[PDB]
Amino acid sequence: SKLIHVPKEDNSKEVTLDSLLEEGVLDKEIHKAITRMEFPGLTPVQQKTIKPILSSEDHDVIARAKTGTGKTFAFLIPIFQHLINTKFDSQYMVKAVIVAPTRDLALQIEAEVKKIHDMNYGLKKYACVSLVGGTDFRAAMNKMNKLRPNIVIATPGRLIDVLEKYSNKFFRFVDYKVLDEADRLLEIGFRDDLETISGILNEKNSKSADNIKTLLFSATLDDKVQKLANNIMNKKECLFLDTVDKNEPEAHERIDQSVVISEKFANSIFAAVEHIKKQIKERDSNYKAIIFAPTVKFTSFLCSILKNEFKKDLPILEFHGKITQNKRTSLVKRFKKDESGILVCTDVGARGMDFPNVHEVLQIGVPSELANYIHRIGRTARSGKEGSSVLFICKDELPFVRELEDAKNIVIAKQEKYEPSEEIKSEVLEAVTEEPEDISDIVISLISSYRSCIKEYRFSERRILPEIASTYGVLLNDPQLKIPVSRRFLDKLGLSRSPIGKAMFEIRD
């Protein structure tokens, strides 16, 4: 369809709750709720989104705004407004459906809705139910029946599982569709589900198949999403709202970025520990940080080290997809509340998760996708606070830092090399209690992980994978050693006819 740009404007008349109230856009009850949150003033994207999202019964909406700049309320407020605008029509039906790439994010958005509810008990009538995977279906549906929610937040899969069973009962009158972190939801493995959801909701709707308004939000998107969103967009023209200049980088300016480069990938483990150690001393245990890792196993493994190396000083929270949803929710709450501590996680906590007052965002290795570099370091410097970011890598990963400059215009001015002392190496290797068999899996996971993103990050397959592989030897403290595997397994890997596979592995059946 037709895309209409609305570029960033420096000379723009401000927008406030009071103005939007006096202008008649916002009813008193939502104003009352948002004002009590005692924000200085509406963030750019909020000022730019609210009126348009409510404005025409036509145009779809895309909105780009940097991390932690209030993109949530930027659509949660208009929704509530729309709910107030139609309180006598279909008062027991879902009118707004919000979708998010992870469960914790969905639950977080739900919690935000609950905050809105908390700031004004008059808005509790507009009930809200979350539909995410890893929780009891029956209970969720019991909640659905009980409350008759006007707002649903969900993850695609469970939402499909709900729709295929109860599309007629709750979802026959949706008017708004919200894709938070829209770009991720349009990636492979998500897009089909979103297209399915879109199809079902459009098919089921009573007024028309083009009734629903679609809202796309993310810190990272371009026009190339609209080509990917074409099948889920209904309206004839799309409203692109951008709080960022076209040339300007998507990364947040207030983030103090740096990158530590090592000879080997394993070294980055030593660099991170030495860095954290320095911070705890200089900050007197007043340290709140998030550290990212490529895989679940490397996360869990890194957690062991950090626990052995820093549990005297701080709490170490392990956070990844293989954690049960209860533990995830609880630890998320704890890290949200706690003043200090270290959150060791995969990319489950890369997008959208708002942990207040995080000092530093560390990264061992590279993200699952280029864009997720922006989101990762986005976990800090949120809501007007300052923040720092450190990227721990080795030379064989440097083509990634280059691709950060080429694609996203992101330049890390602060670079420096790193080589570990024998002391720190001894200290860390002493902190490893994992058997060789486990180390094997841990490194293999990294091999598999880094293999998948070679084409994406411009890596040299012949140079990168053996480096990742030698980690095994480094951890077992025998550099010349190779990972012991069976021929059939290496054949499953498909590297049996490769010099690399021979260079990284030792067939020991």
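Counting begins at 1, following the sequence as shown. Rigid core: the largest C-alpha set superposing within 1.5 Å between the two forms.
Choosing between 424-432 and 371-379, the greater Cα displacement from the shown form in 8 other deposited structures of this protein, fitted by the core, goes with 424-432. The stretch with the higher mean CA B factor, choosing between 112-120 and 240-248, is 240-248.
Stretch comparison (220-228 versus 140-148) by mean CA B-factor in the PDB entry places 220-228 on top. Of the residues listed, 235, 275, 297, 328, the entry assigns the biggest Cα temperature factor to 235. Residue set 293, 413, 212, 348: peak C-alpha B-factor at 413 (per PDB entry). Residue 264: CA B factor lies in the middle third for its chain, per the PDB record. Residue 156 sits in the lowest third of its chain by CA B factor, as recorded in the PDB entry.
The PDB entry assigns residue 375 a C-alpha temperature factor belonging to the lowest third of its chain's modelled residues. Among the modelled residues of its chain, residue 281 has a C-alpha B-factor that falls in the middle third, as given in the PDB entry. Compared with the other modelled residues of the chain, the Cα B-factor recorded for residue 418 ranks in the highest third.
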